[PDB]
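J.:
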Amino acid sequence: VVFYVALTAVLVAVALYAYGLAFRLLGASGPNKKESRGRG
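Those letters in the sequence shown? Residues 1 to 40, by PDB author numbering.
1) Could you check what DSSP says for residue 7 in three-state terms: helix, strand or coil?
2) Determine, using beta carbons only, whether residue 31 and residue 38 come nearer to each other than 8 Å.
3) Is any heavy atom of the ligand FAD found at a distance shorter than 7 Å from the C-beta of residue 11?
4) Please report the distance separating the alpha-carbon of residue 45 from that of residue 36.
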């Protein structure tokens, strides 16, 4: 573990936006209004 310091900075915490469509479980304070897609 590194307490995600690189992910939060050089990847701008993008895991939040991924969870906000790959999981979208809760929405009181975060992204929850999209779902997964594909072409194959």
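Just so you know, even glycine gets a beta-carbon here, dropped at the ideal spot from N, CA and C.
T.: Well, looking at it:
1) Within the sequence shown, the letter at position 7 stands for residue 7. DSSP places residue 7 in coil when its eight states are reduced to three.
2) Taking the sequence shown and counting its residues from 1, the one referred to as residue 31 is at position 31. Taking the sequence shown and counting its residues from 1, the one referred to as residue 38 is at position 38. Not a contact, by the Cβ cut-off of 8 Å.
3) Here there are no bound small molecules, and the ligand FAD is not part of this structure.
4) Because the chain spans 1 through 40 in this model, residue 45 falls outside it and cannot be assessed.
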